[PDB]
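In what follows, a single structure is set out as structure tokens and then discussed.
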Amino acid sequence: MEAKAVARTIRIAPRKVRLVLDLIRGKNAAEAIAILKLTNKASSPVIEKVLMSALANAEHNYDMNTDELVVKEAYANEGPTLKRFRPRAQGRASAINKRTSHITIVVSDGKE
Amino acid sequence: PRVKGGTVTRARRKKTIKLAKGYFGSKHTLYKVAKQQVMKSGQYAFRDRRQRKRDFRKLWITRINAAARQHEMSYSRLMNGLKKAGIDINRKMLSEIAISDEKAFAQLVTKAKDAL
Amino acid sequence: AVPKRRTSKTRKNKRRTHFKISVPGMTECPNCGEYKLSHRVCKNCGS
Amino acid sequence: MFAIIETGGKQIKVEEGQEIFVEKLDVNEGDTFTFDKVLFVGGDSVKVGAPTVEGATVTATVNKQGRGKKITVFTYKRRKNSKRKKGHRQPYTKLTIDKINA
Amino acid sequence: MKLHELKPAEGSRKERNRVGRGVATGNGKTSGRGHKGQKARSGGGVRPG
Amino acid sequence: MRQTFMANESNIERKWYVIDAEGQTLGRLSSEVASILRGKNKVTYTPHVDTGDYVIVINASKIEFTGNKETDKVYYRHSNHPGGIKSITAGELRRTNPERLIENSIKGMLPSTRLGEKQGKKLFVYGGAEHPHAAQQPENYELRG
RNA sequence: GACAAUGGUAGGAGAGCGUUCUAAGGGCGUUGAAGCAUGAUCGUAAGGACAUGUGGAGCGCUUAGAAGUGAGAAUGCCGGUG
RNA sequence: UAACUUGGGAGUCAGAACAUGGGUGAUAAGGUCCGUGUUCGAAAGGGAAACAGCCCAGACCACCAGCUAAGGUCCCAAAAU
RNA sequence: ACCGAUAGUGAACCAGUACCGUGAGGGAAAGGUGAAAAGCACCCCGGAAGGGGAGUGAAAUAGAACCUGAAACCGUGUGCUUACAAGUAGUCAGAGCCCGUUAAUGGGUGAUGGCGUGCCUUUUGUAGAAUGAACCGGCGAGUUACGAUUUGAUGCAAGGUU
């Protein structure tokens with residue numbers, strides 16, 4: 001079957017969370033978890049919590065085997081952006097963008 | 001009575017955006033650049049619909065020349081002879097015959113060689 | 001000192017070809033079940 | 001065996017059992033048309049006519065009488081505010097070679 | 001005479017001319033006013049006579 | 001689009017030829033070879049595909065010129081460097097490396113396109129009279145002056 | 001039917017397409033209207049239809065009438081995203 | 001096969017090469033000022049390698065038909081080694 | 001035959017209010033769940049936020065809640081194609097692969113060949129190294145009231161009209 005878990009409004013730029021999503025795409029649940037505990041990034045800890053939740057849903061709501069699962073899909077969409085200001089040289093003011101992210105993970109066993 | 005110009009500009013712009021399908025870059029997205037490309041496309045087709053009648057005629061002549069050079073003769077000499085013989089075959093037909101039934105072409109040359 | 005023309009999506013995606021992370025060592029443990037870094041302090045301490 | 005007929009304003013190399021497209025003719029779908037302008041007759045015997053082979057005809061049957069794909073003609077001036085858009089549909093006629101009475 | 005099928009006298013009404021509405025109508029950007037000068041300015045023109 | 005035969009793959013037949021440059025004008029010989037390479041003497045000639053054959057010059061070191069062309073007719077070449085212009089007379093280019101003298105000459109009468117470069121790779125020039133292509137069984141080809 | 005004729009800027013003149021509202025007549029709609037998306041469809045052009053998906057209450061046709069009636073450029077104004 | 005009269009709307013008042021007849025300049029200028037023509041302006045198409053003003057010629061639309069003009073026919077590249 | 005949330009008052013909502021200036025003064029942005037809160041009891045992952053089930057409902061429509069397009073922009077997966085090549089990126093010709101429509105001399109990609117210096121404004125002349133536009137989504141320029149003159153239409157006519 002197929003199980004998924006999403007994390008909305010995640011305070012983290014989508015370009016930085018898309019660098020750790022290209023390391024667990026098409027890997028096994030076991031390997032993926034091990035790779036997320038060795039990666040030195042600020043998104044690994046957040047992504048690891050989402051992957052864990054996705055596995056629990058496939059072992060409870062679908063009661064599937066968690067010893068033969070494989071990460072099928074894994075992407076991150078953009079979310080509401082906050083607008084901020086900070087002073088410059090003279091009386092000018094530059095703009096700051098605090099973008100968010102919508103992490104999503106779909107775990108499956110590879111069987112219709 | 002006020003008249004809103006909605007659902008009339010998008011419908012006209014969408015038609016031009018669908019006419020530029022298969023372009024490279026943002027030429028199949030942005031309407032501004034798309035329009036310019038479409039306009040140029042139409043100007044090329046019109047001018048390329050008259051150059052296609054000259055390109056194909058240049059091809060036939062080439063083929064005939066090669067096929068007419070296998071019987072110790074030149075295109076200019078063959079063409080001249082055929083006209084004096086009274087034949088009215090087209091250049092596209094003359095080439096087609098030579099490519100396929102080569103035996104038939106041989107006879108034609110003989111007739112043109114008899115008219116000197 | 002300022003861009004003469006804006007960069008396209010093609011050229012921008014071509015410059016980000018070597019911009020990525022690399023998978024680490026991740027040495028297997030003899031008695032713990034979980035993985036660990038090579039030449040580290042744990043239950044594996046490398047292999 | 002093949003023959004070279006001259007219909008409309010050009011020449012076509014047809015053969016027994018073959019579909020061809022010519023200019024709008026004056027007939028009705030399901031009728032029989034016969035060409036009397038034969039310039040060449042290939043196959044076993046070779047008959048090369050002078051202006052045209054005397055005593056040569058080709059019969060065929062009309063199949064359809066529709067129009068071609070719509071062509072959009074569009075031209076314009078560089079800076080001069082002037083342009084023109086136009087459509088076109090060249091009418092045609094589909095026939096099927098029957099016999100080649102040499 | 002039926003209110004759902006009225007008909008005005010043949011050739012007794014015409015549509016007004018609108019300038020500055022495309023280049024296919026004939027009166028484009030210049031709207032038949034030439035190029036520059038004092039007769040091309042808004043509210044321009046010398047006093048009659 | 002009525003009916004016009006168009007050559008393509010699995011329909012083109014390329015053969016091998018052996019031309020002799022024994023007492024032949026450089027330009028006069030090159031011109032003839034060029035046409036053969038492009039395949040303009042074939043009845044099924046097509047411009048968007050290669051239908052030419054392979055040519056093989058045997059002699060090439062016995063090529064002759066006309067007038068004082070061996071003393072003049074210098075061959076210049078730049079190396080994309082300030083003041084990097086080198087030259088060499090045709091007569092001095094015939095004594096050493098005479099195969100390049102014919103190659104360039106025949107390569108200058110071909111179109112400068114992708115097909116033009118691929119059509120120029122079907123030419124083999126030598127200096128002696130023995131070619132290592134006996135497995136292709138190439139036949140002699142008389143120059144139609 | 002002949003017979004000629006048909007390049008175009010400033011500018012003359014003629015014939016039309018579409019948009020919002022009103023009148024009269026005849027119609028459509030929870031068995032799914034307008035809008036939105038997709039399509040290999042029709043007209044000489046501006047344009048017009050059908051079918052399918054989303055949508056959940058209004059909307060077009062015929063002949064007239066009245067206009068805040070058509071957008072690619074003004075270092076145009078405002079928002080959004082590069 | 002045009003012309004004239006009367007009336008309704010106009011735009012134009014910075015022109016440019018080329019070939020002739022002249023002034024000015026130095027029988028200098030892609031100079032400048034007149035007169036007689038043609039083309040560009042507002043004209044695509046072929047030739048002059050590329051080249052608004054040179055030469056040939058004015059595009060209602062379609063066709064994988066034919067005859068010519070200037071200029072051309074060894075290869076690039078249509079046609080005489 | 002007025003407007004329908006960039007419209008109509010500056011103000012449909014927290015308007016002369018946030019804010020800005022020593023002061024006189026200047027002056028915004030912002031409407032919409034459903035017929036009825038019946039506003040997600042309960043279980044699972046998690047510190048929480050957020051999610052997956054299960055439930056109420058005609059339909060999650062779930063409290064950044066009618067519809068939700070783009071010029072946009074940012075992604076994930078796939079059918080064809082690409083690492084010897086000089087490019088206003090298109091147009092005509094055209095193999096090879098892959099599909100199957102409003103069914104018609106079909107559709108998608110495209111190895112190779114020929115031809116080809118964007119658009120507007122201003123100029124005798126602009127590919128111009130002259131001007132303007134980052135991406136147009138919305139708004140944004142011959143109008144009305146009185147007179148005058150000429151043309152078309154209708155009514156009556158030595159009378160015509162208030």
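Following the order of the structure tokens, first chain is A, next is B, and so on, with residues numbered from 1 inside each chain and ligands from 1 in the order they appear.
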Near-residue 152 (chain I) list (12 Å; only C-alpha atoms (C1' of nucleotides); drop same-chain fewer than 6 positions) as a ChimeraX atom specification: /E:9-14
Residue 81 (chain H) surroundings by only C-alpha atoms (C1' of nucleotides), 10 Å radius, close-in-sequence under 2 positions cut, as a VMD selection string: (chain F and resid 28 32 144 to 145) or (chain H and resid 74)
Within 10 Å of chain B: residues of chain F, using only C-alpha atoms, as a ChimeraX atom specification: /F:3-5,39-47
Within 8 Å of chain B: residues of chain H, using only C-alpha atoms (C1' of nucleotides), as a VMD selection string: chain H and resid 64 to 65 78 to 79
Contacts of region 39-43 of chain G within 7 Å, only C-alpha atoms (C1' of nucleotides), excl. fewer than 2 positions in-chain, as a PDB file with C-alpha atoms (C1' of nucleotides), in the first residue's frame:
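What ended up in out-v7.pdb:
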ATOM      1  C1'   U I 101      -7.933  12.290 -32.019  1.00  0.00           C
ATOM      2  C1'   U I 102     -13.796  16.921 -32.486  1.00  0.00           C
ATOM      3  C1'   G I 106      -3.738  12.170 -37.538  1.00  0.00           C
ATOM      4  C1'   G I 107      -0.444  13.696 -32.813  1.00  0.00           C
TER       5        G I 107
END
All residues 12 Å or closer to region 36-45 of chain E, only C-alpha atoms (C1' of nucleotides), same chain fewer than 4 positions away omitted, as a VMD selection string: (chain E and resid 29 to 32 49) or (chain G and resid 10) or (chain H and resid 11 to 13) or (chain I and resid 122 141 to 142)
Distance-based interface of chain I with chain F, 8 Å, counting only C-alpha atoms (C1' of nucleotides), as number ranges by chain: I: 94-95, 112-113
Chain D contacts to chain B at 9 Å (only C-alpha atoms) as a list in words: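 Result, ordered by chain then number: residues 4, 10, 11, 12, 13, 39, 40, 42, 43, 46, 48, 49, 50, 51, 52, 72, 73, 74, 75 and 76 of chain D.
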Residues of chain D that approach chain G to 9 Å or less, counting only C-alpha atoms (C1' of nucleotides): could you list each one with the shortest pair of atoms and its distance in Å to one decimal, rows by chain and increasing residue number, as JSON lines?
{"residue": "D:80", "atom": "CA", "partner": "G:9", "partner_atom": "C1'", "distance": 6.4}
{"residue": "D:81", "atom": "CA", "partner": "G:9", "partner_atom": "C1'", "distance": 7.9}
{"residue": "D:82", "atom": "CA", "partner": "G:8", "partner_atom": "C1'", "distance": 8.2}
{"residue": "D:84", "atom": "CA", "partner": "G:45", "partner_atom": "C1'", "distance": 8.5}
{"residue": "D:85", "atom": "CA", "partner": "G:45", "partner_atom": "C1'", "distance": 6.2}
{"residue": "D:86", "atom": "CA", "partner": "G:44", "partner_atom": "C1'", "distance": 6.1}
{"residue": "D:87", "atom": "CA", "partner": "G:44", "partner_atom": "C1'", "distance": 5.9}
{"residue": "D:88", "atom": "CA", "partner": "G:44", "partner_atom": "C1'", "distance": 7.4}
Requested write-out: N, CA, C and O atoms of the selected residues, as a CSV table (one decimal), in the first residue's frame:
chain,number,residue,atom,x,y,z
D,80,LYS,N,7.0,50.6,-39.6
D,80,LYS,CA,5.7,51.2,-40.2
D,80,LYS,C,4.5,50.4,-39.6
D,80,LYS,O,4.5,49.2,-39.7
D,81,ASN,N,3.6,51.2,-39.0
D,81,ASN,CA,2.4,50.5,-38.4
D,81,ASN,C,1.5,49.9,-39.5
D,81,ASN,O,0.5,50.6,-39.9
D,82,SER,N,1.8,48.7,-39.9
D,82,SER,CA,1.0,48.0,-41.0
D,82,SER,C,1.2,46.5,-40.9
D,82,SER,O,2.3,46.1,-40.7
D,84,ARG,N,-1.2,42.4,-41.9
D,84,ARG,CA,-2.4,41.8,-42.6
D,84,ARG,C,-2.5,40.3,-42.2
D,84,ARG,O,-1.5,39.6,-42.4
D,85,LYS,N,-3.7,39.8,-41.8
D,85,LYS,CA,-3.9,38.4,-41.5
D,85,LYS,C,-4.9,37.9,-42.5
D,85,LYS,O,-5.9,38.6,-42.8
D,86,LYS,N,-4.7,36.6,-42.9
D,86,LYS,CA,-5.6,36.0,-43.9
D,86,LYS,C,-5.6,34.5,-43.8
D,86,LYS,O,-4.5,33.9,-43.4
D,87,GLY,N,-6.7,33.8,-44.1
D,87,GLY,CA,-6.8,32.3,-44.0
D,87,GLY,C,-7.0,31.8,-45.4
D,87,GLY,O,-7.4,32.6,-46.3
D,88,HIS,N,-6.8,30.5,-45.6
D,88,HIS,CA,-7.0,29.9,-47.0
D,88,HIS,C,-7.2,28.4,-46.8
D,88,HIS,O,-6.7,27.8,-45.9
Could the residues of chain B within 12 Å of chain C, counting only C-alpha atoms, be given as a short mmCIF file (atom, residue, chain, number, x, y, z; two decimals) with N, CA and C atoms, in the first residue's frame, please?
data_model
loop_
_atom_site.label_atom_id
_atom_site.label_comp_id
_atom_site.auth_asym_id
_atom_site.auth_seq_id
_atom_site.Cartn_x
_atom_site.Cartn_y
_atom_site.Cartn_z
N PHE B 24 11.79 27.38 -27.22
CA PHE B 24 12.83 27.17 -26.18
C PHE B 24 12.88 28.36 -25.22
N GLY B 25 13.00 28.07 -23.91
CA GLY B 25 13.10 29.11 -22.88
C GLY B 25 11.75 29.64 -22.44
N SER B 26 11.65 30.96 -22.26
CA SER B 26 10.39 31.62 -21.83
C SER B 26 9.64 32.18 -23.04
N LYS B 27 9.86 31.59 -24.22
CA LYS B 27 9.17 32.03 -25.46
C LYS B 27 7.82 31.32 -25.55
#
Test item: residues at most 12 Å from residue 38 (chain G), only C-alpha atoms (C1' of nucleotides), excluding those fewer than 4 positions along its chain, as a PDB file with N, CA and C atoms (P, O5', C5', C4', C3', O3' and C1' of nucleotides), in the first residue's frame:
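And here is the file that came out, out15.pdb:
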ATOM      1  N   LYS B  18      -0.865  29.572 -26.822  1.00  0.00           N
ATOM      2  CA  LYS B  18      -1.033  28.166 -27.276  1.00  0.00           C
ATOM      3  C   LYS B  18      -0.470  28.007 -28.693  1.00  0.00           C
TER       4      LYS B  18
ATOM      5  P     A G  51     -22.218  19.434 -25.666  1.00  0.00           P
ATOM      6  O5'   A G  51     -21.159  18.322 -25.240  1.00  0.00           O
ATOM      7  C5'   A G  51     -20.815  17.255 -26.142  1.00  0.00           C
ATOM      8  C4'   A G  51     -19.484  16.652 -25.763  1.00  0.00           C
ATOM      9  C3'   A G  51     -19.148  16.658 -24.277  1.00  0.00           C
ATOM     10  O3'   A G  51     -19.716  15.532 -23.619  1.00  0.00           O
ATOM     11  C1'   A G  51     -17.282  17.420 -25.521  1.00  0.00           C
ATOM     12  P     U G  52     -20.023  15.594 -22.051  1.00  0.00           P
ATOM     13  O5'   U G  52     -18.572  15.536 -21.397  1.00  0.00           O
ATOM     14  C5'   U G  52     -17.818  14.310 -21.390  1.00  0.00           C
ATOM     15  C4'   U G  52     -16.435  14.545 -20.831  1.00  0.00           C
ATOM     16  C3'   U G  52     -16.373  15.141 -19.434  1.00  0.00           C
ATOM     17  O3'   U G  52     -16.488  14.137 -18.434  1.00  0.00           O
ATOM     18  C1'   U G  52     -14.876  16.296 -20.854  1.00  0.00           C
ATOM     19  P     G G  53     -17.018  14.522 -16.974  1.00  0.00           P
ATOM     20  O5'   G G  53     -15.785  15.305 -16.339  1.00  0.00           O
ATOM     21  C5'   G G  53     -14.768  14.601 -15.603  1.00  0.00           C
ATOM     22  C4'   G G  53     -13.685  15.554 -15.158  1.00  0.00           C
ATOM     23  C3'   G G  53     -14.071  16.526 -14.055  1.00  0.00           C
ATOM     24  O3'   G G  53     -13.932  15.929 -12.772  1.00  0.00           O
ATOM     25  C1'   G G  53     -12.938  17.688 -15.777  1.00  0.00           C
ATOM     26  P     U G  54     -14.853  16.421 -11.560  1.00  0.00           P
ATOM     27  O5'   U G  54     -14.343  17.908 -11.305  1.00  0.00           O
ATOM     28  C5'   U G  54     -13.437  18.200 -10.226  1.00  0.00           C
ATOM     29  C4'   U G  54     -13.133  19.678 -10.182  1.00  0.00           C
ATOM     30  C3'   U G  54     -14.204  20.550  -9.544  1.00  0.00           C
ATOM     31  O3'   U G  54     -14.005  20.627  -8.138  1.00  0.00           O
ATOM     32  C1'   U G  54     -13.546  21.487 -11.616  1.00  0.00           C
TER      33        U G  54
END
Need to verify the contact set: region 55-59 of chain G, 9 Å, only C-alpha atoms (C1' of nucleotides), exclusion of same-chain residues closer than 6 positions in sequence. Can you return it as a PDB file with N, CA and C atoms (P, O5', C5', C4', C3', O3' and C1' of nucleotides), in the first residue's frame?
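Full text of out-v9.pdb as output:
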ATOM      1  P     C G  28     -36.847  25.738 -22.536  1.00  0.00           P
ATOM      2  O5'   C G  28     -35.335  25.982 -22.101  1.00  0.00           O
ATOM      3  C5'   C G  28     -34.253  25.402 -22.852  1.00  0.00           C
ATOM      4  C4'   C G  28     -32.940  25.614 -22.138  1.00  0.00           C
ATOM      5  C3'   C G  28     -32.869  25.100 -20.709  1.00  0.00           C
ATOM      6  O3'   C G  28     -32.553  23.715 -20.662  1.00  0.00           O
ATOM      7  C1'   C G  28     -32.010  27.297 -20.793  1.00  0.00           C
ATOM      8  P     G G  29     -33.069  22.821 -19.440  1.00  0.00           P
ATOM      9  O5'   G G  29     -32.298  23.439 -18.190  1.00  0.00           O
ATOM     10  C5'   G G  29     -30.864  23.365 -18.101  1.00  0.00           C
ATOM     11  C4'   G G  29     -30.386  23.953 -16.795  1.00  0.00           C
ATOM     12  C3'   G G  29     -31.160  23.537 -15.556  1.00  0.00           C
ATOM     13  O3'   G G  29     -30.707  22.285 -15.057  1.00  0.00           O
ATOM     14  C1'   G G  29     -30.816  25.876 -15.527  1.00  0.00           C
ATOM     15  P     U G  30     -31.740  21.289 -14.356  1.00  0.00           P
ATOM     16  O5'   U G  30     -30.902  20.703 -13.136  1.00  0.00           O
ATOM     17  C5'   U G  30     -30.728  21.464 -11.928  1.00  0.00           C
ATOM     18  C4'   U G  30     -29.892  20.683 -10.944  1.00  0.00           C
ATOM     19  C3'   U G  30     -30.673  19.816  -9.962  1.00  0.00           C
ATOM     20  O3'   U G  30     -29.974  18.603  -9.712  1.00  0.00           O
ATOM     21  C1'   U G  30     -29.359  21.369  -8.770  1.00  0.00           C
ATOM     22  P     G G  32     -27.064  17.844 -15.583  1.00  0.00           P
ATOM     23  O5'   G G  32     -27.211  19.141 -14.670  1.00  0.00           O
ATOM     24  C5'   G G  32     -27.592  20.405 -15.241  1.00  0.00           C
ATOM     25  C4'   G G  32     -26.855  21.531 -14.556  1.00  0.00           C
ATOM     26  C3'   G G  32     -25.357  21.604 -14.840  1.00  0.00           C
ATOM     27  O3'   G G  32     -24.934  22.959 -14.910  1.00  0.00           O
ATOM     28  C1'   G G  32     -25.708  21.361 -12.521  1.00  0.00           C
ATOM     29  P     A G  33     -24.352  23.545 -16.278  1.00  0.00           P
ATOM     30  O5'   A G  33     -24.716  25.092 -16.190  1.00  0.00           O
ATOM     31  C5'   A G  33     -25.827  25.629 -16.931  1.00  0.00           C
ATOM     32  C4'   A G  33     -25.909  27.125 -16.737  1.00  0.00           C
ATOM     33  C3'   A G  33     -24.584  27.876 -16.820  1.00  0.00           C
ATOM     34  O3'   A G  33     -24.302  28.254 -18.162  1.00  0.00           O
ATOM     35  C1'   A G  33     -25.715  28.500 -14.843  1.00  0.00           C
ATOM     36  P     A G  34     -22.787  28.431 -18.641  1.00  0.00           P
ATOM     37  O5'   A G  34     -22.296  29.701 -17.814  1.00  0.00           O
ATOM     38  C5'   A G  34     -22.576  31.032 -18.282  1.00  0.00           C
ATOM     39  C4'   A G  34     -22.042  32.054 -17.308  1.00  0.00           C
ATOM     40  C3'   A G  34     -20.524  32.122 -17.184  1.00  0.00           C
ATOM     41  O3'   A G  34     -19.965  32.960 -18.187  1.00  0.00           O
ATOM     42  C1'   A G  34     -21.486  32.046 -15.028  1.00  0.00           C
ATOM     43  P     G G  35     -18.584  32.557 -18.882  1.00  0.00           P
ATOM     44  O5'   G G  35     -17.589  32.419 -17.647  1.00  0.00           O
ATOM     45  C5'   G G  35     -17.103  33.588 -16.962  1.00  0.00           C
ATOM     46  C4'   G G  35     -16.255  33.191 -15.779  1.00  0.00           C
ATOM     47  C3'   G G  35     -15.030  32.348 -16.091  1.00  0.00           C
ATOM     48  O3'   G G  35     -13.927  33.155 -16.484  1.00  0.00           O
ATOM     49  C1'   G G  35     -16.198  31.391 -14.275  1.00  0.00           C
ATOM     50  P     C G  36     -12.889  32.609 -17.571  1.00  0.00           P
ATOM     51  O5'   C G  36     -12.163  31.417 -16.806  1.00  0.00           O
ATOM     52  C5'   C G  36     -11.471  31.652 -15.567  1.00  0.00           C
ATOM     53  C4'   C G  36     -10.886  30.365 -15.039  1.00  0.00           C
ATOM     54  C3'   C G  36     -10.236  29.458 -16.071  1.00  0.00           C
ATOM     55  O3'   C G  36      -8.886  29.832 -16.311  1.00  0.00           O
ATOM     56  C1'   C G  36     -11.682  28.183 -14.707  1.00  0.00           C
TER      57        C G  36
ATOM     58  P     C I  67     -13.745  27.047  -3.018  1.00  0.00           P
ATOM     59  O5'   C I  67     -13.863  27.390  -4.570  1.00  0.00           O
ATOM     60  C5'   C I  67     -15.144  27.442  -5.224  1.00  0.00           C
ATOM     61  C4'   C I  67     -15.029  28.151  -6.552  1.00  0.00           C
ATOM     62  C3'   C I  67     -13.638  28.182  -7.165  1.00  0.00           C
ATOM     63  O3'   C I  67     -13.434  27.010  -7.944  1.00  0.00           O
ATOM     64  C1'   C I  67     -14.635  30.338  -7.289  1.00  0.00           C
TER      65        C I  67
END
